Amino acid sequence: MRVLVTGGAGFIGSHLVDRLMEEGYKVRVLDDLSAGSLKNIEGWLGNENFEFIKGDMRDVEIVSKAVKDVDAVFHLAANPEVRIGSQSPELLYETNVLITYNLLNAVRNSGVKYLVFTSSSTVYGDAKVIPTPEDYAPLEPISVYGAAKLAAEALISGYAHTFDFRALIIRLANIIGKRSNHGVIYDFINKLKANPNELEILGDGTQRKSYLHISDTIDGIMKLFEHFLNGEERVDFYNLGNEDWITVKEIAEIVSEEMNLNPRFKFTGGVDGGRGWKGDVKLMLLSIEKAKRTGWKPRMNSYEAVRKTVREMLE
Amino acid sequence: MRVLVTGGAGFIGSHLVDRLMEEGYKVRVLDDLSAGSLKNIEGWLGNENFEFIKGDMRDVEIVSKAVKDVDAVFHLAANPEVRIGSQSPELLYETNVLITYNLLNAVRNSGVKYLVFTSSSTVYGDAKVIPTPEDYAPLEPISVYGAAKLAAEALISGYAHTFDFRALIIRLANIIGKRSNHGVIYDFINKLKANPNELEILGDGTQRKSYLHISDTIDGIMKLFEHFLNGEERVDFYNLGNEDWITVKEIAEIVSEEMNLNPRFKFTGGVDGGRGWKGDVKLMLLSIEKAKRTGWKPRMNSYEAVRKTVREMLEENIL
Ligand SMILES: NC(=O)c1ccc[n+]([C@@H]2O[C@H](COP(=O)([O-])OP(=O)(O)OC[C@H]3O[C@@H](n4cnc5c(N)ncnc54)[C@H](O)[C@@H]3O)[C@@H](O)[C@H]2O)c1
Ligand SMILES: NC(=O)c1ccc[n+]([C@@H]2O[C@H](COP(=O)([O-])OP(=O)(O)OC[C@H]3O[C@@H](n4cnc5c(N)ncnc54)[C@H](O)[C@@H]3O)[C@@H](O)[C@H]2O)c1
Ligand SMILES: C[C@@H]1O[C@H](OP(=O)(O)OP(=O)(O)OC[C@H]2O[C@@H](n3cnc4c(=O)[nH]c(N)nc43)[C@H](O)[C@@H]2O)[C@@H](O)[C@H](O)[C@@H]1O
Ligand SMILES: C[C@@H]1O[C@H](OP(=O)(O)OP(=O)(O)OC[C@H]2O[C@@H](n3cnc4c(=O)[nH]c(N)nc43)[C@H](O)[C@@H]2O)[C@@H](O)[C@H](O)[C@@H]1O
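Residue and element names in this part refer to chain A. Residues in close proximity to ligand 1 total 29 residues, the closest being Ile12, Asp31, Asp56, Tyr145 and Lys149. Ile12 is positioned such that a nitrogen or oxygen atom in its backbone is 2.9 Å from an oxygen atom of ligand 1. Here an oxygen atom of ligand 1 sits 3.1 Å away from a polar atom, N or O, in the main chain of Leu76. Against a free-state accessible area of 820 Å², the protein chains account for coverage of 94% of ligand 1. When residues of the shell around ligand 1 are traced back to their parent elements, those giving at least two are helix 1 (11-22), strand 5 (114-120), helix 4 (144-163) and strand 7 (174-176). Considering only residue class, the shell around ligand 1 consists of 14 nonpolar, 10 polar and five charged.

Structure follows, in structure tokens:
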């Protein structure tokens, strides 16, 4: 089986590439390195089962070529920066709706049999049912990013039914670990690297969300993928997150602890009710009963995930 | 109130334009006449309260210009042909996702306060709960058209929250009536005008869906709009359909009755289990409890709606 991994030179994408290569798949990565890096996958360059394609998925010919001789696609290429939605929604539209559409047009007339998509908890919006289940509705995303992720999901479903392939949609919580160049942990580490006396924390520090270490995330994506392949569902929806959640204040405390620092916390107060930025969901915790029915469970909770992530990053 | 109506020269759009003009709104229509027609709105041309812009919403400059000095937008512009999804999905993507994205970027830099959007029951896909309520999930559209409608909804919600305007999303069932140049009734009438002894029926004839006459639909869109303006919600979701449903076979029988014909029925058998085409939902019936709590109710049921539409279209054809 050949599997294409868009965004495979990124954080989640590079870890999933590691896993796919170790399990013996033929892996083709398509990445424009706008955010990713060859350092994330240099261990695999030159492997007789590995191909790298430096390309922007806006380029429709590149995408058509990438899906050639591919039996499965893992579509992780995206701009995952919620914060930019208020200032640059077109960027999010291009990196979440447009290139997904391009992928689907290419997949349409191809031998691609399976399409796996890393969606986001942000599709649930400010969810009123917590833990949020896969069947929560109406879906009312509050950010351009979450809206774009939901749009991608919808297109994937329609194309899967119209053009006879199968789609696995996995709505991930906040995923953290080594190689990430986005997110609160990364920014706190750099902030304290620049000034260890004072740390600016966006919002009111109470934003509370479920964090999943990348190890558990790849394990989950793979067990879900396997179970999906063995089923008949044309399109299936799974949450992937942790059992618990944790606040931004506590994350700041862990980041400080691990760096043997003692900054003053300076909260900005945020916007729209203590949010870090327009569209920042304040409370997120996904239900993972459906995924647990595959034999998957987080080996770490959110606190352990955060602490391991900080230590990994510092090395 | 100044309102822009995209797709206002089309089927639903022109009737909504009529209603807005009669109520004294200042109406601006944006339509590229790809499906619509000047004849649908010619009664209003030259009225000091009516402006028409023949423009393609693919052009972002046209749309930016269109939303200027507008307090509300009714976004009805789209290509509504589910059937084409298998052969030209790109067209659907452009006329349901892309132009909606452009509209939202234009609204972002504008004084528009309200956005009303005609979404579709197809966003529910082959729903397992019938009557289907607004909070049914997971949403799993089976057509490129339904997927595009759902994507548009999602973008509308995200933009509404990020950029602080209010959005009313109305998921319509099958809407029928005068001025329609799409749908099973139009096609059956044309089929029998070309050969009145034989009617080809796509699928197995058991496709069963809820039909709403356009009169009831405009009344409903207006009651929802009014209540929404008076409400608090940032984004709201309403189904708009009938209480009942009806099969394609019965629609063919009504069409035949009204045409004083009795043709041989030729079912194609369809695909994916009797569907008319890839993505054709087989069973659709929306719950309208939420809409009913605004004081709205269909004045016609699906059978009556279909019969009124057949008679309307036939008198239209004579004229
Ligand atoms: N990290 C999280 O917490 C999280 C949570 C939920 C969902 N996701 C989703 O998981 C996927 C990966 O996220 P990540 O954290 O690894 O992000 P990342 O930025 O580290 O990786 C994404 C990759 O996409 C590539 N890319 C971006 N635009 C591209 C384009 N136009 N053409 C080709 N390649 C392009 C980038 O270069 C990068 O390698 C995305 O779909 C993201 O939305 C991530
Ligand atoms: N008729 C139904 O049963 C039904 C049901 C549910 C939802 N809807 C929705 O209601 C709306 C109107 O449907 P309708 O039956 O009146 O269709 P229609 O084709 O009669 O009207 C749509 C209008 O959009 C215009 N248009 C298309 N592409 C355009 C573009 N790029 N720029 C500008 N204008 C463009 C067409 O010229 C036409 O005038 C659509 O959003 C449709 O999806 C219709
Ligand atoms: C579901 C996933 O949600 C994830 O969003 P998202 O909660 O912002 O993920 P983070 O960017 O890690 O932010 C987590 C929380 O920390 C707050 N925060 C406080 N200070 C900072 C800071 O300096 N930087 C950052 N980045 N956050 C900060 C942030 O507003 C939010 O409440 C996405 O990364 C994924 O793509 C996906 O959408
Ligand atoms: C919810 C609404 O659903 C509506 O879809 P949709 O049921 O296909 O609406 P129609 O195109 O009217 O098709 C209604 C039913 O009639 C069947 N049918 C049988 N023979 C024919 C034929 O010759 N022509 C046509 N056209 N249909 C035919 C068709 O497959 C479907 O089962 C959309 O038009 C709206 O935009 C909206 O999405």
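What follows continues from the structure just given.
The next point concerns the domain arrangement of chain B. All names here are of chain B. Its domain assignment divides chain B into domain 1 (2-175 + 211-240) and domain 2 (177-210 + 244-283 + 293-318). Taking only C-alpha atoms, the centre of domain 1 and the centre of domain 2 are 24 Å apart. Counting residues at the interface gives 31 residues for domain 1, matched by 36 residues for domain 2. Regarding the contact of domain 1 and domain 2, the summed buried area is about 2,700 Å², with carbon and sulfur atoms giving 60% of it. The three residues of domain 1 that bury the most area against domain 2 are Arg83, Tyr211 and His213, which together make up 30% of that side's buried surface. At the junction of domain 1 with domain 2, the criterion picks out three salt bridges. A salt bridge links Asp187 to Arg83; its shortest N-O distance comes to 3.5 Å. Considering every element that reaches the side of domain 1 that touches domain 2, the biggest residue donor is helix 6 (residues 214-230), with eight residues. A per-class count over the side of domain 1 that touches domain 2 returns 13 nonpolar, 11 polar and seven charged.

A word on the nonpolar core. Among the nonpolar cores identified, the biggest contains 102 residues, and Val97(A), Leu103(A), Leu115(A), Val97(B) and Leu155(B) are the most heavily contacted of them. Excluding residues that lie within four positions of it along the chain, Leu115(A) makes contacts with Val73(A), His75(A), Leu103(A), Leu104(A), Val107(A), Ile156(A), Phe165(A), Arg166(A), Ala167(A) and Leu168(A).

Attention now moves to the packing of helix 3 (residues 89-108) of chain B against helix 4 (residues 144-163) of chain B. Think of two packed helices as two axes; the pair is described by the angle between the axes and how far apart they sit. All names here are of chain B. Helix 4 packs onto helix 3 with a crossing angle of 10° between their chain directions and a minimal axis gap of 9 Å. The angle between helix 3 and helix 4 falls in the class roughly parallel. Counted together, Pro89, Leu92, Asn96, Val97, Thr100, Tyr101, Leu104, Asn105 and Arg108 of helix 3 and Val144, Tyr145, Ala148, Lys149, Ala151, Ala152, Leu155, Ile156, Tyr159 and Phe163 of helix 4 form the full contact between these two elements. Counted by class, the contact of helix 3 with helix 4 contains 14 nonpolar, three polar and two charged residues.

Once that is clear, we can look at the sheet that holds strand 4 (residues 72-75) of chain A. Residues and elements named next belong to chain A. If you trace the seven strands from one edge of the open sheet to the other, you get 3-2-1-4-5-6-11, paired in parallel fashion. One side of each edge strand has no neighbouring strand; the edge strands of this open sheet are strand 3 (50-54) and strand 11 (235-240). Between one strand and the next, the sheet's axes are offset by a mean angle of 15°, whatever the strand orientation. In the packing of helix 3 (residues 89-108) onto the sheet, contacts are made with strand 1 (2-6), strand 4 and strand 5, and the angle to strand 4 comes to roughly 175°. Strand contacts of helix 6 (residues 214-230): strand 4, strand 5, strand 6 (166-172) and strand 11, with the helix running at about 155° to strand 6, the strand carrying the most contacts.

Residue and element names in this part refer to chain A. Here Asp236 is to be found in strand 11. The class of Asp236 is buried, set by a relative accessible area of 11%. Polar side-chain contacts of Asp236 include one of 3.1 Å to the side chain of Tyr238. Each residue touching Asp236, except ones within four places of it in the same chain, is listed here: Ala167, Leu168, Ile169, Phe228 and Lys290.

Another aspect to go through is the pattern of salt bridges. If charged atoms from side chains of opposite charge come close, those side chains can pair. Applying the stated rule across the entire model yields 54 salt bridges over all chains. A salt bridge links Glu153(B) to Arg171(B), with the nearest nitrogen and oxygen atoms 3.1 Å apart. Of this pair, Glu153(B) sits in helix 4 while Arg171(B) sits in strand 6 (residues 166-172); the two residues are 18 residues apart in sequence, bridging distant segments of the chain. Just as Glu153(B) is buried, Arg171(B) falls in that class too. Taken together, the salt bridges that share partners define one network made up of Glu257(A), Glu258(A), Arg307(A) and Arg311(A).

Moving on: the packing of aromatic side chains. Under the definition given, this model contains 11 aromatic pairs over all chains. Between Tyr114(A) and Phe225(A), the ring centres sit 6.5 Å apart and the planes meet at 90°, which makes this aromatic pair edge-to-face. One end of the pair, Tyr114(A), is in strand 5; the other, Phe225(A), is in helix 6, and 111 residues separate them in sequence. What makes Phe225(A) buried here is its relative accessible area of 0%. Between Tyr124(B) and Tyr136(B), the aromatic rings sit 6.2 Å apart at their centres with planes inclined by 80°, giving edge-to-face as the arrangement. With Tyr124(B) in the loop between strand 5 (114-120) and helix 4 and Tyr136(B) in the loop between strand 5 and helix 4, this residue pair connects regions lying 12 residues apart in the sequence. For the pair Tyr124(B) and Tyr136(B), a shared accessibility class is recorded, and that class is buried. Linked through ring pairs, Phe74(A), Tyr114(A) and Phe225(A) together constitute an aromatic cluster. The residue whose ring lies beneath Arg83(A) is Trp277(A), and the NZ or CZ to ring-centre distance is 5.1 Å. Across from the ring centre of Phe163(A), 5.6 Å away, lies the NZ or CZ of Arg108(A), which sits over that ring.

Rules used throughout
Residues numbered from 1 in each chain as written, not as in the entry; some residues may be left out. Chains lettered and ligands numbered in written order. Heavy atoms only, no water. Near = heavy atom within 4 Å. Polar contact = N/O pair within 3.5 Å; in protein donor to acceptor, adjacent residues only side chain to side chain. Areas by Shrake-Rupley, 256 points an atom, 1.4 Å probe, with all protein chains shown as cover. Helix = DSSP H or I, 4+ residues; strand = E, 2+ residues; numbered from the N terminus. Nonpolar A, V, L, I, M, F, W, Y, C, P; charged D, E, K, R; others polar. Domains from an automatic or database assignment. Contact = heavy atoms within 4.5 Å. Buried area = accessible area lost by both parts, 1.4 Å probe. Salt bridge = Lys/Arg side-chain N within 4 Å of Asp/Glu carboxyl O. Core = buried A, V, L, I, M, F, W, Y, C linked by side-chain atoms within 4.5 Å. Buried < 20%, exposed > 50% of the residue type's maximum accessible area, 1.4 Å probe, protein only. Axes fitted to C-alpha atoms, helices over the stretch in contact; angles between N-to-C directions. Parallel < 35°, antiparallel > 145°, perpendicular 65-115°, else oblique. Pairing = 2+ DSSP bridges. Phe/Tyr/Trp six-rings, centres within 6.5 Å; stacked < 30°, edge-to-face > 60°. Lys NZ or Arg CZ within 6 Å of the ring centre and 35° of its normal.

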